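Sequence lines set the chain letters: A, B, ... in the order given, protein chains first and strands last, and positions in each chain run from 1. Hydrogens, waters and symmetry mates play no part in the numbers below; they use all other heavy atoms, side chains included.
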Amino acid sequence: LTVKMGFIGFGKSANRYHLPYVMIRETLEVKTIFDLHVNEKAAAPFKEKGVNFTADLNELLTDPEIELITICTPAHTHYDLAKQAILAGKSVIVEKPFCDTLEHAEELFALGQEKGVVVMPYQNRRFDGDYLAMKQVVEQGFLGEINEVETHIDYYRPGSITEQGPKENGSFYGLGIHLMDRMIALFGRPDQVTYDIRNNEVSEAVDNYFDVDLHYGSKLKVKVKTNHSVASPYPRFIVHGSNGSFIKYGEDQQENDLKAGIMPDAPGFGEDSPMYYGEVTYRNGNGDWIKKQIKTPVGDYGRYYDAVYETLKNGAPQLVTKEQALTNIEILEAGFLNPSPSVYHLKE
Amino acid sequence: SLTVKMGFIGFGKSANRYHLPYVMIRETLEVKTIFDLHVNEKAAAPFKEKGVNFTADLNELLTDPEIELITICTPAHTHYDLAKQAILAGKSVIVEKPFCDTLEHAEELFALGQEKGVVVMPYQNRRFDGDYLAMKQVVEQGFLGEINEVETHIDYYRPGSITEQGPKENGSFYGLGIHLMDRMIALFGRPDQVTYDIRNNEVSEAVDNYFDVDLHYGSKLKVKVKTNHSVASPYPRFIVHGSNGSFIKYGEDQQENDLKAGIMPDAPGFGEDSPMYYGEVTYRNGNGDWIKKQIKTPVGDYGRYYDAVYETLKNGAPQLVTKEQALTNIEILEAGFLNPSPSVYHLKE
Amino acid sequence: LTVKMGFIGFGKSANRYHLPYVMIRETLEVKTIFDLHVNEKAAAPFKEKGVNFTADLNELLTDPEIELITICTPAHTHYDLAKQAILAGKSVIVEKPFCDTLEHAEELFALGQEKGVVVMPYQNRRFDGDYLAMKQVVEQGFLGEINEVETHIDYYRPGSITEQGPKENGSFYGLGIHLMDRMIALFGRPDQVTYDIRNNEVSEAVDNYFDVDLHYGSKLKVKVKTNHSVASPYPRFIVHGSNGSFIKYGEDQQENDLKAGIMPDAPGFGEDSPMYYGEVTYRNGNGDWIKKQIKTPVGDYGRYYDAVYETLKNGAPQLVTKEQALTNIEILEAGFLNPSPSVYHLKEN
């Protein structure tokens, strides 16, 4: 059949990274959307087609037909709202931040398990085109024993981050979470991490820069990096193995396209530019050098929902696991355990 | 009966190239009869096996109630005369370039079609060239913001090709300008005034083989249609500049070349652009970040002109080429010869 | 022997396009520099080396040792200061605008001739690397009969020019002057001109855009263009002839290097990036197609001064002739005689 879901929040986030992908997926049915201040203007198209709007949370929470809820309200509300949806017996999707403490994250996963429902952080970046190309190469084996993966998210916005505040407001908490998440889901939990978190423009300002390494033994390392003053781009992904390398330039364009007004069903949406296809350079068993492009997999944030669907409807393992989510939060937090630059050994 | 029954007045080169190959593979467009004083029974045989009937009467075509659409591919000088007969006979008409011999006549045809309750349009297949559809897609997606300029070319490196003097109808502006401006007019509308630079840059007294024409829209935007017969290194096929970025596109639609080479519309990758030729957009988002992208060139298919006609006749879709677009095009075209080049012309209104 | 010179103005333009080049040349000796408000800091490096500074103009004009003066003072004051210098028996170099009125320019050229001195507007851009490459290709003949040249100077500066003012402060007077001067120096006086001058952002503001055509008969035209909203650049030069084309991307970096603090004596100064080397695609007598690159000649604004040295030390003919100067002023002014776009026919000369 289909999955009936509801939305807690009808703001920017829900209208850009969620509804567009979901309103096009028939396996998913947006029955109710909640918001204390629903923008009727934008609500109009949705009201037609059949979705119901309300400022009554209880109305959404106690809807016996709704089985999934996505939380898009501002950060501080997530933990409390997630608990209410779990209490009401509905599976839950939480946009970052998942919670503000590792303890609370643990509890959200417990309550979910104790109520027989799925609870997961929204990790749409697991479906960026470039990441998918990188993941595909690593899984296919071409490069052999992988010794290093470098992943970036840079900008040329000098002077954009000058504000002073808590760690929750810097780039590591805003961007680092996405980069590490998809690398963790691929390579697992690292044994140690090194941090270089700071602001290369205004020392005392919240961090707008980070260079974090995830160490797996002595052979493999994954580097997540962000710099707000990069005019000429680094590859989006760099992979080096015993048999070869994989270098991919160009970032997934879903976000930019969405900000420009292009919807998920427009011609060529999520498709990468041939000039940005990653290139593999490796040697086979015979010792010959093979050099080809990897057609970037189609970028599609909607696949996150397709995954939730499979989990709720056909028992498929959930996309984001408790271990991945927690490992991620631990790393994130340890980043401020000691003065940067620091080194941190993962629990257990 | 779900299809649109049509006929053809003329079985010459253009019909066998830009029309029939596309319509004979479309279930919705049923070609019932083809008129022509000299058919060539050999070139016709393959069509008769598919159902189309041939005749040299013309009155047989304009006479039966089954035919509701006629495309005129006959020589230029016969277009007005024939379009009028078809319209008066109660049929919608598609006329190849040129629509008419004069503006007054063009207005008459549109007026007649209107009082007979039928659709009348000039054939504008180049509104479906791949490069054009890419440029059009970019303008519609708004990456470039406020557009200030568009340059569109149809150039060749054929020195010594145009050398004979002749009437305006025989030159490059009349042969290619119409196409270039028509698709641009479809996007931006009727301009305020036009600038003309029309001549032959090899033999002065000969028919024009070169043109650089600017369509002005206010003080902000202008579209430049241009043609030169002595260009070794090609200009981009399209140049679009706006407040937020640019779109440059090299390479031309290959439908024509493929057709000439014997490749039919149903052939593998027909109309598909070469990746090395994908247009490139360079713009900056609201954040101020610069973005460089390639635009997967939309498939070129002149057959969509007939798909649009089908939707207009069978269903109620708006016609592709409007009366305003067609009349604005003929006017600018004729005005270009009103005064000796270089000159400036203010559109009526 | 050297040419003893003086400067009327110690502003930024004098410290950018003049002194850096002249201070590294033995043939040119900078004696005195005048400015109503010279800042000692920027002057210190000059004090030693032997150059004297004065706040009294007459101290420079009455110096019998000086034979050449360069006017770098603000526009409005060019005619008057140029006249005084000439009346003092000095040859002068005037930065744009040469004069405020045509009659005045004619007067200076007359005074100069009367009292045996050289009078010329400063046109350093006749030495931009790209222009010299285009110029070389023209002289060598590869292209055959030249049918068209397009030359640009664009920026991506949306919302930059927003104030209205005299035509004198617009882009055509500011940039067009340089673009046309070097084209006139090569192709001569055109018979008619085409004008498209406006501000593509705020119609009422001073012009920030121009597309101007110089017509040479019916075969050749030179297009000079400026647009402040161009994200993906046009070629710096485009040349098409009966035998081939020449496309040159990439602008001369002297201005940028100077702007960045690099002096003319720095490693590779004036040298072009191999990736920006212009390309010629032409056909030889045998019909063979030859694709070659043209090593961009070294850009060097100081060559304007070497040219001045040769003319007044030896007998060399001056770089900028009065004909070239007056023709330029004419085209410049005729661009505002009628509302744009318009057409103008140069006076029979």
Side-chain angles (χ1 to χ4, degrees), chain A residues 12 16 20 128-130 152-161 171 174-175 208 226-236 248-279 292-296 298-299, chain B residues 127-147 236 238 240-251 253 269 271-301 304 307:
Chain A
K12 197 176 305 174
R16 170 172 306 169
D128 269 341
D130 41 285
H152 280 52
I153 285 188
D154 310 312
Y155 308 99
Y156 181 68
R157 303 172 172 178
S160 65
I161 310 304
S171 301
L175 298 166
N208 66 347
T226 288
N227 190 334
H228 283 268
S229 292
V230 182
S232 182
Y234 287 80
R236 191 74 178 179
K248 209 289 185 190
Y249 282 95
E251 70 178 295
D252 171 294
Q253 294 299 141
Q254 295 181 70
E255 185 177 71
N256 283 320
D257 283 335
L258 270 332
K259 289 197 282 193
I262 300 75
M263 296 306 270
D265 62 339
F269 187 91
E271 278 165 48
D272 198 17
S273 300
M275 68 171 184
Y276 289 135
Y277 288 2
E279 303 191 15
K292 52 177 162 75
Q293 298 175 298
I294 292 299
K295 183 179 181 179
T296 312
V298 184
Chain B
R127 283 202 192 182
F128 298 113
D129 280 332
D131 42 6
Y132 173 70
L133 294 175
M135 176 277 304
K136 178 164 182 290
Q137 180 192 303
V138 175
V139 166
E140 307 180 318
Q141 294 185 306
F143 290 122
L144 317 185
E146 296 299 310
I147 296 99
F238 283 102
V240 187
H241 294 306
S243 52
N244 294 324
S246 303
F247 178 64
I248 303 302
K249 159 73 182 177
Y250 283 91
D253 181 280
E272 272 170 38
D273 192 24
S274 298
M276 74 181 159
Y277 288 136
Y278 286 170
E280 303 176 359
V281 180
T282 307
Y283 76 95
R284 53 176 181 57
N285 56 32
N287 292 292
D289 310 323
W290 279 96
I291 312 303
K292 260 77 74 172
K293 272 206 304 180
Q294 281 179 303
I295 297 293
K296 206 293 176 55
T297 307
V299 190
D301 174 19
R304 291 182 59 192
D307 290 320

I want to check something: taking the side chain as every heavy atom from C-beta on, are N256(A) and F143(B) in contact at a cut-off of under 4.5 Å? no
Evaluate whether atom [atom1] of [X] has more than 12 neighbouring non-hydrogen atoms of other residues, nucleotides or ligands under 6.0 angstrom away.
| X | atom1 | value |
| --- | --- | --- |
| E146(B) | CD | no |
| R304(B) | CZ | no |
| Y156(A) | OH | no |

Go through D289(B), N285(B), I295(B) and name the one with the most non-hydrogen pairs under 4.5 angstrom from chain A. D289(B)
Looking only at heavy atoms and a cut-off of under 4.5 Å, which of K296(B), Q141(B), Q137(B) has the most pairs with chain A? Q141(B)
Step by step, work out the side-chain contact (heavy atoms from CB on, under 4.5 Å) result for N287(B) and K259(A). CA-CA 10 Å; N287(B) 292 292; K259(A) 289 197 282 193; 2.8 Å; yes
Please round to the nearest 0.5 Å and tell me the distance separating atom OG of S273(A) and atom CD of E280(B). 8.5 Å
Which value, rounded to the nearest 0.5 Å, describes the distance between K292(B) atom NZ and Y276(A) atom OH? 6.5 Å
Measure across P274(A) and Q294(B) and return the closest heavy-atom pair with its distance rounded to 0.1 Å. N-OE1, 2.9 Å
